[PDB]
There are 4 protein chains.
Amino acid sequence: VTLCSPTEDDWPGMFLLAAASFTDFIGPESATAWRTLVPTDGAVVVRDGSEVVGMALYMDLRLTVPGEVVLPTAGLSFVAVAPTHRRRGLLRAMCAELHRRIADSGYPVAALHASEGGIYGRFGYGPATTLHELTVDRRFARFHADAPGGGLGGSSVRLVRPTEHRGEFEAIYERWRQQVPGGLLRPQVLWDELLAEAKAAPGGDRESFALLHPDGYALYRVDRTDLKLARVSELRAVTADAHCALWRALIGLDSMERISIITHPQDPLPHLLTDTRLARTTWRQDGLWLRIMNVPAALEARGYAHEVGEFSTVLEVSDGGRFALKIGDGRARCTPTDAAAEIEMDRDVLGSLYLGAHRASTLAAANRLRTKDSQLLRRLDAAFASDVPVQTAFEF
Amino acid sequence: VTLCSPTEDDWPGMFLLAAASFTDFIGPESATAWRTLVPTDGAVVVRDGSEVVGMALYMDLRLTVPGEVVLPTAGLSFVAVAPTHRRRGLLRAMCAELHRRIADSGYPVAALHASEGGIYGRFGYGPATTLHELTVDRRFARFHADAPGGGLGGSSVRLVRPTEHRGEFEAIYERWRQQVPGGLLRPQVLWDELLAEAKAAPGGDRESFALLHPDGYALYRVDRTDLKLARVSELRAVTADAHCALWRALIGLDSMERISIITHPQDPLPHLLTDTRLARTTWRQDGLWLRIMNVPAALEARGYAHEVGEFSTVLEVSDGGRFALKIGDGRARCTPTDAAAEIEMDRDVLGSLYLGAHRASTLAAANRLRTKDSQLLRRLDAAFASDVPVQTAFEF
Amino acid sequence: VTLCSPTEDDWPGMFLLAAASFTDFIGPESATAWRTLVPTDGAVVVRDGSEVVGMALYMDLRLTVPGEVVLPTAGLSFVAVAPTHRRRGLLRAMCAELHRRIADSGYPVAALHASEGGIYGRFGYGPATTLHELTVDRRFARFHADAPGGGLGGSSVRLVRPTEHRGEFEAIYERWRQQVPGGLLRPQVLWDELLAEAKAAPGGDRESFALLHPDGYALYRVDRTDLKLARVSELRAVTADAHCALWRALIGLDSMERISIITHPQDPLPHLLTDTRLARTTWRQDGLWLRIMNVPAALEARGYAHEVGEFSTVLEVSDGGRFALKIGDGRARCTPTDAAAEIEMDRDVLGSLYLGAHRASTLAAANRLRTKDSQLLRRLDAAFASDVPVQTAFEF
Amino acid sequence: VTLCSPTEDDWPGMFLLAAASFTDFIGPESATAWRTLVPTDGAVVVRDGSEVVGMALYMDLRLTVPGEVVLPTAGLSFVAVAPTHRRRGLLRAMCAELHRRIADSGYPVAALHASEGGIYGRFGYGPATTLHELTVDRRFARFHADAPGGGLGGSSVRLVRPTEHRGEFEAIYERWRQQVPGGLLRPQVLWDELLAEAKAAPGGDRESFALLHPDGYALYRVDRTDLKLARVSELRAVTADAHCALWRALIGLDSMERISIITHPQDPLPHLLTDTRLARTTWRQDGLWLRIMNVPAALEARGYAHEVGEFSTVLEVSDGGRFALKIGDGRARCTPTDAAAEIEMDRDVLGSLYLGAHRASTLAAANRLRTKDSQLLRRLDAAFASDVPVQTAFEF
Ligand SMILES: C[C@@H]1C=Cc2c(sc3nc(SCCCN4CCCCC4)nc(N)c23)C1
Ligand SMILES: C[C@@H]1C=Cc2c(sc3nc(SCCCN4CCCCC4)nc(N)c23)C1
Ligand SMILES: C[C@@H]1C=Cc2c(sc3nc(SCCCN4CCCCC4)nc(N)c23)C1
Ligand SMILES: C[C@@H]1C=Cc2c(sc3nc(SCCCN4CCCCC4)nc(N)c23)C1
């Protein structure tokens, strides 16, 4: 059991293990498109003294954090141990090697989407975004008098084939991702893959349509088996006008009973309707997980709430360093210190605070985050909050 | 169709309409217990020129708001129009009379639980608390090393018959309600009713048991039909130690597959487990609705986040007044002004901000709340936040 | 295996066999109420050379047929063979004895409700009424502008406890039953039983309520398990105004999603709504079965459509006689003849024609009814039609 | 928002709107086959000042009405408003233009199949045929001794590939459609489309088979997911012998549990079985909707029951004219008059009477049809009845 970077000859073995580990696997032709996002030493395989029994890699990503600040981000992905090689510390060995490489390459954070919710905490990954599914029973939905864009004259929203308005979608998404914490740069090859899955497959998914606003779009398709359900795969709006306009159009799908979307806890949609209850939360789950690789770099890089006044504390991350943390005018200075710690937490907890989706108060109540001063707890809660709500870009 | 206060002779007609309007109706014997909470002119009936075709009333309640401040609260309840008398403006007439009386009596707020989510917005009621159902698959649940009270020696939690530890339950709840926004004083007659429903009914609910900590308790029962599901009817914990200890005991119900609880969005339970995903959100809904009766009284009465610095604005409530609002050192002065408004909202929106469960940002995005300054929006978000998360006491 | 009339000592054995044969069995106390409707030689038992292994009986009923004509009707009921004594010709022996007795007593027809739909055809019983279940999704239901009783002023319909308006229910039902083919006289002891089942049972059915119009009523209850479904057990309306008024009240049960009713194919309810499709047919089944005991007596007793002009034919019933049938001015003369038959059918088929629920055309297409003249077929179709649609009174 | 006849350049925009409005849409290649049935000014589009946001059209159809009389019929179809352009009166504008054109072209009736049951009443369309789904549990089904074609010697019914017996299917259907009210001429291009859908699709429907009698056929296929269910897509029989023979063959599909068919209320199948209950009604819905364009032309064109004697009345259609209606010897003369009206109804109601599927009595009970003489009501019921039961040809 040797741990190496793959050679050209290893990739057939890697695509076999992928096909057997992931039910959603998109085949080797399209794996080669995502493979353009893997840098030269971004991948490790385990061979059995010989076929591939383990693999892991990272993609080069750009993640927007609070303050509209963009971080080079190592996107962990394609992680699989053969079912013949479980309980052998293969994941621990592969994750340790990729973390060494990601850290030495100068990435301040790593990120992933978890197959199960109990694997990645022990490697310093913390859930950092929250997925909300809203199912609207659109037959009862009426917009509130206060809702934008419900007047006379022509609608600003168009029904279009996605594949004929690539540039407009790209330009809107680019604006959205630079502006929203959790935003990822979507490279050309992922726009290739998104629009390939927009077309109907024989005995697969149905044709995807788009609703296009100057400042927003929604891609949607009728569900395979439930023909009265429309699944919004993606809705990016840069302005409230665009969000409302697009949802007026979705509520206008008169042959559907229900519209479903994976969105975020702070989606305003419920407040657009006379009956907020018509936007039911059907499903909730962790989205993006963050491992903070360099604590001072990550803490210094993001913006903090201007509302909370200047304050200083000593943060200890477990086997991750101790820092004099000073926050004021929405910036942080984070410096080495050996002063007594006032707040302690494992690396994963910091991940979960970092994009503003979890409150330090909530993690303190669970004793994931220890302090004896509850004034500092209120101050952390306020400081680490994002004025713009954290959202989830795309799964990788 | 006359609108009067009921006389002794009207109450049979009112209990008939109740039996036909509410499936959960607990019968006349026990309606007489809740009736002790209705003050002398707290009820209106509509007679048909004659039987009761409409009724509404309010109970005298005490509601904890941010800053551990307790408000006299008119609890709207027992609202019903006969199915023979729909679309007759009977609800509008009854709600208008009770609002006159509640306002003239000197109640700063009114509150209710909604049968549907689209009735009460137009009367100035806004959803002010959020119910989260968590279903734990307790077979996979392991507590995190960081979780409190997982050491050697005896457990501090006891399994008990609820009916033999009334005083301890009362004393813990009393501590909980004074300390948590959304807290209600539970009077003796509701403790009578809670413990009556704790016993097994023939072809009804199963025996309720209690888990009792010095600083917390949980009442739970196995579900009627799903014999592998335990339903936590109520869990009140004053300290994190008590919350964790009680959940260790619930995860210890080894004959159950699943533990379900109606709790709040900031419940730390997920963070107590190695796999946060094991506490799935099965259900979300509006809890307590608030109508702010007197805007200056309510705004002045509650505490504000000490983190945000002093600031002034002009708030207009639609057909509800305009005020110079000044917030600093966690207090507010709210005075009459005719200065140009900087922030406008309907009365219901203020209800939804008032306990901290909804962010002004989120309601602005839906245009339920209008301003042109986004600095003020951030400042409102921060000011109206509760350091202690808002919870839901009991349905009425 | 002897076939006798029961003695007082046989009735315990009969109530045991009833308890084991019928899941709906209402116990011996209430069996004694129905037993008042059994005449002195109306019952047969089979003993095993000794316990009761077979029973059958008939109740004295009054059945309204087309022309508002009321027939003494032998209501077959309480038919059961022990599971230990199947495939022994016990049903054939019991049915043959009761038919002898019913015929010699001077009953023109016998009637029953069938447990299965393939037992009773071979004994000359034909399905004579049709049960339609309509489920209304009442959340979408709006009454058509043309619908009666949708103006200003007070509703003529009252919500009441059934048990306090017995006389009004009795008087309306009495008007309904005299006026509608399929109508049965409901004796005092069945009004006793109907109102006993109107009250809530522990771990049984919920409280029944009534909607009372001067010319109509509806008894309804929320379903045991589906708390958003209201089950109309019975709706008797003498005038269209009453039918519409009562359905406006049912659509007004705002806490229900769905209203369900067992009614008849010609129920006007769909035509009262802007969307006829909202009254979905969830279920259809045979109601009352008729065996014509005396062909000339039954054919002469009922009224015929005045529209079709005078005509004569020769009807043969298989092992039931041949008759010169002459119909004109809505009356029939039916006399013995040996003239060549023009129309042949088994006794059961005549049962199915007799109340107007099945068309001779439809039974001819299946060759249940043979003729060579299709002019006569059109003439039978028209003659045997009821101007008032055939309905189902109550199960026995 | 301009309302024009489409040009060649509009049809891509129309096929896009079709793909997004109809889940069953059969793609542009096959839309071009149906397009042969659209006459030169049979289509209208709405452009947004520019893409297609609305469309409607009519196909040239031939509809058999009572008396085996065939009417030129404008078949409304391909009606869609963009979800971006709802609540804009676009359907009202398009329906008004097509009605002008259909009326000026000299069509006596228009017809459609409704997506929802509450859209088309207000445009004068009334439900005119009824769809019954029968599901037979064929494991219990035995044919009655009276059923045709159950003797010795060879079966007259053959199992065949549909695609090899096109001419026989065409010739039987042509006989069926000329003979049955609701019958439509099926043109060559719809026979092309029917047989294309007869073949197995990858991850779609299974191979269709045919049962072929000299005077009848059935096309059937096993259901995609329920492999014990056979779905009869279509069964056309000209003689009772053919109907019975074909159903003996269907009951002979020994590897199926259940046979399902969309048929009509008067299908004799139940009466072919010893247990009529084995043919359960699983589903009921409106089929063909009729708008009577010219009242005197339509009323004069169809045959009336010869049974009812000559009579005269004055019919008023709401904003549709008043007529002296005289019916005798199965013909009607319908002439302009200003004499006082004896019977009033909206245009849609006449639609529903016209093919005999709804009784004037039933529509009177709902007050959709007003008269003060109930003798005339009985006379209308009888006159407008079809001796041959009304059936549904094919959806368009
Ligand atoms: C070598 C190259 C590296 C990454 C990679 C491929 S295919 C490919 N497909 C996807 S799409 C599904 C994402 C959801 N995912 C599913 C399981 C749970 C986590 C979230 N993503 C990639 N990163 C790659 C090959
Ligand atoms: C006169 C007296 C006034 C209030 C009152 C009774 S019984 C009684 N039972 C209850 S328990 C169910 C609460 C849930 N509720 C159910 C429907 C939706 C709203 C929330 N509550 C009361 N306030 C009273 C009679
Ligand atoms: C001796 C006396 C004779 C008839 C009789 C009893 S209980 C009693 N309960 C009923 S209620 C259920 C009717 C539905 N029925 C259920 C099975 C299928 C047929 C339809 N009816 C009776 N005739 C009697 C005892
Ligand atoms: C231009 C041409 C006009 C009519 C037309 C096409 S495709 C095409 N497909 C069909 S098949 C489905 C009928 C069911 N229908 C489905 C929705 C509800 C109503 C009933 N029918 C057409 N008339 C056309 C294009």
# chains A, B, ... in the order shown; residues from 1 in each chain; ligands from 1

call {"tool": "interface_residues", "arguments": {"of": "chain D", "to": "chain A", "cutoff": "8 Å", "atoms": "only C-alpha atoms", "output": "PyMOL selection string"}}
result
chain D and resi 16-17+20-23+48+82-86+115+202-204

call {"tool": "residues_near_ligand", "arguments": {"ligand": "ligand 2", "cutoff": "10 Å", "atoms": "only C-alpha atoms and all ligand atoms", "output": "ChimeraX atom specification"}}
result
/B:11,14-15,18-19,21-38,42-43,55-59,75-79,112-116,190,193,287-288,394-396 /C:255

call {"tool": "atom_distance", "arguments": {"atom1": "atom CA of residue 124 of chain A", "atom2": "atom CA of residue 270 of chain B"}}
result
17.0 Å

call {"tool": "atom_distance", "arguments": {"atom1": "atom CA of residue 10 of chain C", "atom2": "atom CA of residue 185 of chain C"}}
result
28.8 Å

call {"tool": "select_by_dssp", "arguments": {"residues": "segment 31-143 of chain C", "states": "alpha helix (DSSP H)", "output": "ChimeraX atom specification"}}
result
/C:31-34,90-105

call {"tool": "write_last_selection", "arguments": {"atoms": "N, CA and C atoms", "output": "PDB file, in the first residue's frame"}}
result
ATOM      1  N   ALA C  31     -78.372  -5.114  18.182  1.00  0.00           N
ATOM      2  CA  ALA C  31     -78.955  -6.155  17.302  1.00  0.00           C
ATOM      3  C   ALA C  31     -80.436  -6.373  17.654  1.00  0.00           C
ATOM      4  N   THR C  32     -80.800  -6.168  18.926  1.00  0.00           N
ATOM      5  CA  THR C  32     -82.167  -6.349  19.490  1.00  0.00           C
ATOM      6  C   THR C  32     -83.092  -5.213  19.026  1.00  0.00           C
ATOM      7  N   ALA C  33     -82.531  -4.045  18.716  1.00  0.00           N
ATOM      8  CA  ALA C  33     -83.251  -2.898  18.121  1.00  0.00           C
ATOM      9  C   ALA C  33     -83.632  -3.208  16.669  1.00  0.00           C
ATOM     10  N   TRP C  34     -82.680  -3.671  15.856  1.00  0.00           N
ATOM     11  CA  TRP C  34     -82.934  -4.074  14.446  1.00  0.00           C
ATOM     12  C   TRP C  34     -83.885  -5.276  14.416  1.00  0.00           C
ATOM     13  N   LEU C  90     -75.505 -24.393   1.902  1.00  0.00           N
ATOM     14  CA  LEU C  90     -76.256 -23.842   3.063  1.00  0.00           C
ATOM     15  C   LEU C  90     -76.913 -22.511   2.671  1.00  0.00           C
ATOM     16  N   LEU C  91     -76.199 -21.637   1.953  1.00  0.00           N
ATOM     17  CA  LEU C  91     -76.763 -20.352   1.444  1.00  0.00           C
ATOM     18  C   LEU C  91     -77.915 -20.645   0.467  1.00  0.00           C
ATOM     19  N   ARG C  92     -77.717 -21.554  -0.498  1.00  0.00           N
ATOM     20  CA  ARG C  92     -78.761 -21.980  -1.472  1.00  0.00           C
ATOM     21  C   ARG C  92     -80.006 -22.468  -0.700  1.00  0.00           C
ATOM     22  N   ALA C  93     -79.847 -23.338   0.303  1.00  0.00           N
ATOM     23  CA  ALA C  93     -80.973 -23.892   1.094  1.00  0.00           C
ATOM     24  C   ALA C  93     -81.685 -22.762   1.859  1.00  0.00           C
ATOM     25  N   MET C  94     -80.938 -21.876   2.516  1.00  0.00           N
ATOM     26  CA  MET C  94     -81.523 -20.784   3.337  1.00  0.00           C
ATOM     27  C   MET C  94     -82.244 -19.771   2.434  1.00  0.00           C
ATOM     28  N   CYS C  95     -81.634 -19.403   1.305  1.00  0.00           N
ATOM     29  CA  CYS C  95     -82.183 -18.388   0.371  1.00  0.00           C
ATOM     30  C   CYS C  95     -83.477 -18.938  -0.249  1.00  0.00           C
ATOM     31  N   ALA C  96     -83.518 -20.236  -0.560  1.00  0.00           N
ATOM     32  CA  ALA C  96     -84.694 -20.931  -1.145  1.00  0.00           C
ATOM     33  C   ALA C  96     -85.867 -20.907  -0.158  1.00  0.00           C
ATOM     34  N   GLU C  97     -85.594 -21.125   1.130  1.00  0.00           N
ATOM     35  CA  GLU C  97     -86.643 -21.165   2.182  1.00  0.00           C
ATOM     36  C   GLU C  97     -87.185 -19.744   2.380  1.00  0.00           C
ATOM     37  N   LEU C  98     -86.310 -18.747   2.482  1.00  0.00           N
ATOM     38  CA  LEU C  98     -86.746 -17.350   2.758  1.00  0.00           C
ATOM     39  C   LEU C  98     -87.538 -16.820   1.560  1.00  0.00           C
ATOM     40  N   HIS C  99     -87.148 -17.199   0.343  1.00  0.00           N
ATOM     41  CA  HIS C  99     -87.844 -16.799  -0.910  1.00  0.00           C
ATOM     42  C   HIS C  99     -89.253 -17.393  -0.972  1.00  0.00           C
ATOM     43  N   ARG C 100     -89.400 -18.673  -0.632  1.00  0.00           N
ATOM     44  CA  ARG C 100     -90.714 -19.356  -0.474  1.00  0.00           C
ATOM     45  C   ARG C 100     -91.594 -18.512   0.466  1.00  0.00           C
ATOM     46  N   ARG C 101     -91.079 -18.213   1.660  1.00  0.00           N
ATOM     47  CA  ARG C 101     -91.798 -17.483   2.741  1.00  0.00           C
ATOM     48  C   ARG C 101     -92.122 -16.053   2.310  1.00  0.00           C
ATOM     49  N   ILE C 102     -91.165 -15.358   1.697  1.00  0.00           N
ATOM     50  CA  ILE C 102     -91.332 -13.939   1.256  1.00  0.00           C
ATOM     51  C   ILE C 102     -92.424 -13.884   0.178  1.00  0.00           C
ATOM     52  N   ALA C 103     -92.390 -14.827  -0.770  1.00  0.00           N
ATOM     53  CA  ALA C 103     -93.349 -14.970  -1.897  1.00  0.00           C
ATOM     54  C   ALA C 103     -94.756 -15.290  -1.366  1.00  0.00           C
ATOM     55  N   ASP C 104     -94.879 -16.260  -0.445  1.00  0.00           N
ATOM     56  CA  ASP C 104     -96.171 -16.731   0.131  1.00  0.00           C
ATOM     57  C   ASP C 104     -96.763 -15.650   1.045  1.00  0.00           C
ATOM     58  N   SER C 105     -95.921 -14.812   1.651  1.00  0.00           N
ATOM     59  CA  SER C 105     -96.344 -13.672   2.502  1.00  0.00           C
ATOM     60  C   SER C 105     -96.945 -12.537   1.649  1.00  0.00           C
TER      61      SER C 105
END

call {"tool": "residues_around", "arguments": {"residues": "residue 335 of chain C", "least_positions_apart": "5", "cutoff": "7 Å", "atoms": "only C-alpha atoms", "output": "VMD selection string"}}
result
chain C and resid 296 323 to 325

call {"tool": "write_last_selection", "arguments": {"atoms": "N, CA and C atoms", "output": "PDB file, in the first residue's frame"}}
result
ATOM      1  N   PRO C 296     -95.680  -9.593 -12.632  1.00  0.00           N
ATOM      2  CA  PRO C 296     -96.821  -8.742 -12.969  1.00  0.00           C
ATOM      3  C   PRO C 296     -97.126  -7.692 -11.886  1.00  0.00           C
ATOM      4  N   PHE C 323     -95.235 -12.795 -20.204  1.00  0.00           N
ATOM      5  CA  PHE C 323     -96.272 -11.754 -20.021  1.00  0.00           C
ATOM      6  C   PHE C 323     -96.426 -10.895 -21.273  1.00  0.00           C
ATOM      7  N   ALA C 324     -97.678 -10.582 -21.587  1.00  0.00           N
ATOM      8  CA  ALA C 324     -98.043  -9.495 -22.511  1.00  0.00           C
ATOM      9  C   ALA C 324     -97.938  -8.194 -21.708  1.00  0.00           C
ATOM     10  N   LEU C 325     -96.912  -7.397 -22.010  1.00  0.00           N
ATOM     11  CA  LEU C 325     -96.592  -6.127 -21.315  1.00  0.00           C
ATOM     12  C   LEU C 325     -97.088  -4.986 -22.197  1.00  0.00           C
TER      13      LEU C 325
END

call {"tool": "closest_residue", "arguments": {"among": "C:388, C:3, C:200, C:128", "to": "residue 361 of chain D", "atoms": "only C-alpha atoms"}}
result
C:388

call {"tool": "select_by_dssp", "arguments": {"residues": "segment 49-266 of chain D", "states": "strand (DSSP E)", "output": "ChimeraX atom specification"}}
result
/D:52-65,69-81,109-112,126-127,130-137,158-160,209-213,216-222,229-237,258-263

call {"tool": "write_last_selection", "arguments": {"atoms": "C-alpha atoms", "output": "PDB file, in the first residue's frame"}}
result
ATOM      1  CA  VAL D  52     -44.014  34.532 -28.650  1.00  0.00           C
ATOM      2  CA  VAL D  53     -45.726  34.919 -25.184  1.00  0.00           C
ATOM      3  CA  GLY D  54     -49.140  33.513 -26.294  1.00  0.00           C
ATOM      4  CA  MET D  55     -50.591  31.186 -28.946  1.00  0.00           C
ATOM      5  CA  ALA D  56     -53.903  29.454 -29.770  1.00  0.00           C
ATOM      6  CA  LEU D  57     -55.195  27.611 -32.872  1.00  0.00           C
ATOM      7  CA  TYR D  58     -57.942  25.273 -34.168  1.00  0.00           C
ATOM      8  CA  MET D  59     -57.750  22.102 -36.281  1.00  0.00           C
ATOM      9  CA  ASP D  60     -60.366  21.120 -38.896  1.00  0.00           C
ATOM     10  CA  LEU D  61     -62.239  18.111 -37.327  1.00  0.00           C
ATOM     11  CA  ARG D  62     -65.397  16.082 -38.196  1.00  0.00           C
ATOM     12  CA  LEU D  63     -67.562  15.275 -35.120  1.00  0.00           C
ATOM     13  CA  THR D  64     -70.402  12.677 -35.173  1.00  0.00           C
ATOM     14  CA  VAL D  65     -73.464  13.937 -33.174  1.00  0.00           C
ATOM     15  CA  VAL D  69     -74.782  13.335 -38.351  1.00  0.00           C
ATOM     16  CA  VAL D  70     -71.207  14.650 -38.942  1.00  0.00           C
ATOM     17  CA  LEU D  71     -70.402  18.369 -38.159  1.00  0.00           C
ATOM     18  CA  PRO D  72     -67.414  20.437 -39.330  1.00  0.00           C
ATOM     19  CA  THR D  73     -65.859  21.147 -35.885  1.00  0.00           C
ATOM     20  CA  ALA D  74     -63.171  23.707 -34.939  1.00  0.00           C
ATOM     21  CA  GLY D  75     -60.879  21.753 -32.547  1.00  0.00           C
ATOM     22  CA  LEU D  76     -59.277  24.316 -30.173  1.00  0.00           C
ATOM     23  CA  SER D  77     -55.721  23.215 -29.261  1.00  0.00           C
ATOM     24  CA  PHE D  78     -52.086  24.330 -28.601  1.00  0.00           C
ATOM     25  CA  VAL D  79     -53.414  27.092 -26.238  1.00  0.00           C
ATOM     26  CA  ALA D  80     -50.584  28.526 -24.045  1.00  0.00           C
ATOM     27  CA  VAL D  81     -49.710  31.826 -22.322  1.00  0.00           C
ATOM     28  CA  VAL D 109     -69.492  24.007 -33.106  1.00  0.00           C
ATOM     29  CA  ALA D 110     -65.991  24.275 -31.562  1.00  0.00           C
ATOM     30  CA  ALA D 111     -64.466  21.558 -29.326  1.00  0.00           C
ATOM     31  CA  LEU D 112     -61.493  21.108 -26.944  1.00  0.00           C
ATOM     32  CA  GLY D 126     -69.415  22.861 -21.711  1.00  0.00           C
ATOM     33  CA  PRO D 127     -68.197  19.315 -20.826  1.00  0.00           C
ATOM     34  CA  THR D 130     -67.451  11.678 -19.717  1.00  0.00           C
ATOM     35  CA  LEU D 131     -64.284   9.492 -19.335  1.00  0.00           C
ATOM     36  CA  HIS D 132     -64.637   6.414 -17.049  1.00  0.00           C
ATOM     37  CA  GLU D 133     -61.517   4.420 -16.127  1.00  0.00           C
ATOM     38  CA  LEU D 134     -62.400   0.725 -15.478  1.00  0.00           C
ATOM     39  CA  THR D 135     -59.700  -1.417 -13.777  1.00  0.00           C
ATOM     40  CA  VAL D 136     -60.601  -5.168 -14.012  1.00  0.00           C
ATOM     41  CA  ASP D 137     -58.935  -7.554 -11.490  1.00  0.00           C
ATOM     42  CA  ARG D 158     -55.967 -12.528 -33.221  1.00  0.00           C
ATOM     43  CA  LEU D 159     -52.892 -11.189 -31.332  1.00  0.00           C
ATOM     44  CA  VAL D 160     -50.906  -9.037 -33.879  1.00  0.00           C
ATOM     45  CA  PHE D 209     -49.782  -5.252 -29.095  1.00  0.00           C
ATOM     46  CA  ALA D 210     -53.203  -5.458 -30.803  1.00  0.00           C
ATOM     47  CA  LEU D 211     -56.145  -7.872 -30.495  1.00  0.00           C
ATOM     48  CA  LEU D 212     -57.913  -7.843 -33.913  1.00  0.00           C
ATOM     49  CA  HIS D 213     -61.537  -8.965 -34.601  1.00  0.00           C
ATOM     50  CA  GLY D 216     -63.188  -4.474 -33.535  1.00  0.00           C
ATOM     51  CA  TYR D 217     -59.652  -4.069 -32.111  1.00  0.00           C
ATOM     52  CA  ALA D 218     -57.859  -3.207 -28.817  1.00  0.00           C
ATOM     53  CA  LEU D 219     -54.322  -1.677 -28.588  1.00  0.00           C
ATOM     54  CA  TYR D 220     -52.729  -2.418 -25.188  1.00  0.00           C
ATOM     55  CA  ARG D 221     -49.281  -2.270 -23.490  1.00  0.00           C
ATOM     56  CA  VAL D 222     -47.888  -3.324 -20.082  1.00  0.00           C
ATOM     57  CA  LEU D 229     -51.032  -3.832 -15.186  1.00  0.00           C
ATOM     58  CA  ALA D 230     -52.113  -3.829 -18.907  1.00  0.00           C
ATOM     59  CA  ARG D 231     -53.236  -0.386 -20.202  1.00  0.00           C
ATOM     60  CA  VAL D 232     -55.774  -0.573 -23.086  1.00  0.00           C
ATOM     61  CA  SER D 233     -54.867   2.685 -24.953  1.00  0.00           C
ATOM     62  CA  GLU D 234     -57.896   2.208 -27.318  1.00  0.00           C
ATOM     63  CA  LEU D 235     -60.714  -0.338 -27.945  1.00  0.00           C
ATOM     64  CA  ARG D 236     -63.068   0.219 -30.952  1.00  0.00           C
ATOM     65  CA  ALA D 237     -65.867  -2.355 -31.449  1.00  0.00           C
ATOM     66  CA  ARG D 258     -55.229  -5.860 -13.752  1.00  0.00           C
ATOM     67  CA  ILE D 259     -56.550  -4.491 -17.123  1.00  0.00           C
ATOM     68  CA  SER D 260     -57.254  -0.683 -17.171  1.00  0.00           C
ATOM     69  CA  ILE D 261     -59.182   1.260 -19.881  1.00  0.00           C
ATOM     70  CA  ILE D 262     -60.520   4.815 -20.313  1.00  0.00           C
ATOM     71  CA  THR D 263     -64.084   4.150 -21.623  1.00  0.00           C
TER      72      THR D 263
END

call {"tool": "decode", "arguments": {"residues": "segment 90-96 of chain A", "atoms": "N, CA and C atoms", "output": "short mmCIF file (atom, residue, chain, number, x, y, z; two decimals), in the first residue's frame"}}
result
data_model
loop_
_atom_site.label_atom_id
_atom_site.label_comp_id
_atom_site.auth_asym_id
_atom_site.auth_seq_id
_atom_site.Cartn_x
_atom_site.Cartn_y
_atom_site.Cartn_z
N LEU A 90 -6.69 4.53 5.10
CA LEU A 90 -6.36 5.01 3.73
C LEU A 90 -6.84 6.45 3.55
N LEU A 91 -8.05 6.78 4.03
CA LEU A 91 -8.59 8.17 3.99
C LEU A 91 -7.69 9.09 4.84
N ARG A 92 -7.35 8.69 6.07
CA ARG A 92 -6.44 9.45 6.98
C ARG A 92 -5.11 9.72 6.25
N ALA A 93 -4.49 8.70 5.63
CA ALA A 93 -3.20 8.84 4.93
C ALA A 93 -3.34 9.80 3.73
N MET A 94 -4.39 9.65 2.93
CA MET A 94 -4.60 10.48 1.71
C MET A 94 -4.89 11.94 2.11
N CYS A 95 -5.74 12.15 3.12
CA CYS A 95 -6.16 13.50 3.58
C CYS A 95 -4.94 14.22 4.16
N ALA A 96 -4.07 13.51 4.88
CA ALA A 96 -2.83 14.05 5.50
C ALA A 96 -1.87 14.53 4.41
#
